[PDB]
Amino acid sequence: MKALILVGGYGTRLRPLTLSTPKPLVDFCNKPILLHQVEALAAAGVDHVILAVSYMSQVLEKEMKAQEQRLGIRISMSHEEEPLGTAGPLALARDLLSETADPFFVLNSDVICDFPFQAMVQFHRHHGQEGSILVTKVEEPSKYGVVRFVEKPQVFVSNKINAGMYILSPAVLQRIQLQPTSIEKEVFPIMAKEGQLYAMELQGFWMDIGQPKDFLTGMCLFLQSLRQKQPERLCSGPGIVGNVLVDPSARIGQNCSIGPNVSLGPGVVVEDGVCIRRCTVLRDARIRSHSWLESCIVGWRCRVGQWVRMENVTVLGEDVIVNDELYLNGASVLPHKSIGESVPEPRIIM
Amino acid sequence: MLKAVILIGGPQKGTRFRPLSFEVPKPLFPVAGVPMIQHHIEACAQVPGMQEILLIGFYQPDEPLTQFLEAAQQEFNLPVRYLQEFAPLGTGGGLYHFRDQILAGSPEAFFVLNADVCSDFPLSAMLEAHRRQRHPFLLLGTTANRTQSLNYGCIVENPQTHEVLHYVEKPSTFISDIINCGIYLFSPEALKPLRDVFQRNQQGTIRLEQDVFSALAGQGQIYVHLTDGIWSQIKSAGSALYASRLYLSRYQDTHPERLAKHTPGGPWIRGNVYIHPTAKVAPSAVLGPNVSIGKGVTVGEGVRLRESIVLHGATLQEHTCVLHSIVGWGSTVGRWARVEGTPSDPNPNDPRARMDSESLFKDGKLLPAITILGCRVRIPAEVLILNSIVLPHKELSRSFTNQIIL
Ligand SMILES: Nc1nc2c(ncn2[C@@H]2O[C@H](COP(=O)(O)OP(=O)(O)OP(=O)(O)O)[C@@H](O)[C@H]2O)c(=O)[nH]1
Ligand SMILES: Nc1nc2c(ncn2[C@@H]2O[C@H](COP(=O)(O)OP(=O)(O)OP(=O)(O)O)[C@@H](O)[C@H]2O)c(=O)[nH]1
């Protein structure tokens, strides 16, 4: 069985972070999210994956041609001249997704879940139809596309969102066109009028992590599943509250309170007396003393000064220097900005 | 010999200074460590020939005022008396009502100081000018910005004889750059126009600026004496912070042992900082510019304190940031809590300074000013109070921003 990953589409949600590294390469709990999906795929038994790649091609060349030796499987990159929707992937890669006449996975990259691939091939071989998708019950249906098929109902026609995982047999492969169409919007509409796609629901822990608030909620849910499945992964100690995922390279000072749902990247320096809750601190980001952070994303190589209160989904891009004794509330700071004045309003710093 | 009359107000003049005035009277609020009228009594007892200091007001003598009066009498080697007027008599009506007690012993001249002003009080130089010229009214004037001068009492003078030709208490239009400072030197003859004013009232309450300064302006009685040393008014609860900063800057000349030095094994000190000796400040607590610490104040480790007044008995737990705030008496600010305000000084030479009006709101929005905490306010851990006024005895549980917490 082969697999397809969709990747490259500009991350226009998660926008300060996705001007620096692509959306697959944002390290979600000390591991890139494309690395999450391909390690679960290579453990699921797929021998060959194809990454549709259009945006920021060269850094994904580097990461994936360096990780192919780590996973043990094969990865074929399919680069395009144009960013071609969500289905132009399959129509460029039609010649090697119809190699063997097998059903193939189609994965969104912004989805992190308990990947139920083994049960899902079993599901797919029982209705005999062409495509079968992963669905998830969501207790607020107006923001989300439920599945009949609609895309933005906001009506409560159904309750369960699409979870970004599909299996497609190769009859849909020479069905779609090369010029850009998005496979979830209008390919799936005639797929529904055909009667060929099916719905399979999983038990829990789904998150789309394309938006920064959703990125943080996915961090909280993933740290819960990492508490349950692998409790040796999480940190422990007196100054540690909740589920804290410290990298071995990351160093934390003394009399801190590194509270629940914190994931420190490789190489972070948290100084003496920081209080972090619900944050994601990425690689090489130094957080100075007597700062207080809650529900924020500190990007790569930022310096947070001292007595800095950051909160309410403040997202710092790459290499952002927050000066001392400032207060940020919803600042979505672009890369290579220094900040000298407080931001008490949800704002975008240019 | 001379004497001084400090016109303290009463409880209605302290209404504008309300969060702070709930506990202590306004003239006893500690501005840069000592009460507001102790700067006046300091500056008056420094004059050779000062017999008496007479506070006139309609406060009732409670425990803090009479204990302050005995403490001032011991500390300043003078009789400091408090003349309680039977009614709110205005500015000059209490000076006319107490003229028998003011002129008792026949002083050569007497000072009249408003209690709500912060100044260097150039009383010696005012006395030099008075003993040169010998006129009924000597006023102290400062130069203001042309835009800011409309908030104050404007004085049009004659720059050769220095005679006030015109006085207006708060003009709608531009009049002059000279503003009244609320410091005056009266000779005994100055109590004769006030009598006239009082007699005209019978066909008791005399406003000194509207009835005496504006009436005799240009007739030869009223004269200016100009300065540009430090001057501020203290009207609202947050102009006490600007007055505290100016006083902490002039402690570099008058009391340099009040200012705290770095001393590497102690707390890290930037700018001018007053720390009372009874206060315990942890050595990692950096106390930034223009901070004054009351007595009995336990400041924890990593506490950043900048541009603030922490009053008696307050407690700042670990890693707190307190900026442009006034922490009330006995208030406790739990760990990683941030009490932040916005600098808003009167400053009559600042062209961007606000009018210091009594309306704190523009249109439903609280204008960004100093964050006042009343007495006994418990600010919980990990919480932000931003540009807020908290009324006394309020235990909070929540972050507050641009709100008056009643
Ligand atoms: N190769 C390629 N991949 C694409 C293209 N368009 C979208 N994708 C992929 O589609 C995947 C999931 O779609 P989205 O979740 O909406 O992400 P997105 O493409 O960044 O689009 P936004 O909604 O603007 O964030 C992304 O990882 C993209 O890499 C494309 O034109 N070419
Ligand atoms: N003893 C005494 N002092 C007073 C009285 N009223 C005011 N004062 C003092 O004199 C100062 C004058 O304050 P205001 O009465 O507000 O007069 P103003 O400063 O000319 O300003 P306006 O309110 O526009 O008239 C006050 O700040 C007090 O220090 C009073 O009735 N008795």
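Following Swiss-Prot, chain A residues are numbered 1-147, 158-360, in order.
The way this entry was determined, per its header, is electron microscopy, 3.0 Å.
Keep in mind that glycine also has a Cβ here, set from the backbone N, Cα and C atoms.
What Swiss-Prot annotates here:
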type	residues	note
ACT_SITE	A:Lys162	active site
BINDING	A:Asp110, A:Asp218	Mg(2+) binding site
BINDING	A:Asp110, A:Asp218	GDP-alpha-D-mannose binding site
REGION	A:245-360	region 'Hexapeptide repeat domain'
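Everything Swiss-Prot records as a feature, shown here on the structure.
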residue  : record              : DSSP (3 states)
A:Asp110 : Mg(2+) binding site : coil
A:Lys162 : active site         : coil
A:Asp218 : Mg(2+) binding site : strand
Using DSSP, what is the helix/strand/coil residue split across the region 'Hexapeptide repeat domain' (A:245-360)?
0 helix, 46 strand, 70 coil
Measuring Cβ to any atom of ligand 1 with a strict under-6 Å cutoff, which of the recorded positions A:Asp110, A:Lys162, A:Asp218 qualify?
A:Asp110
What are the non-local neighbours of A:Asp110 (Mg(2+) binding site), defined as same-chain residues 6+ apart in sequence with CB under 8 A from its CB?
A:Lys23, A:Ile33, A:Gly174, A:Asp218, A:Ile219, A:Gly220
Long-range same-chain neighbours of A:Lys162 (active site), Cβ under 8 Å, sequence gap at least 6?
A:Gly145
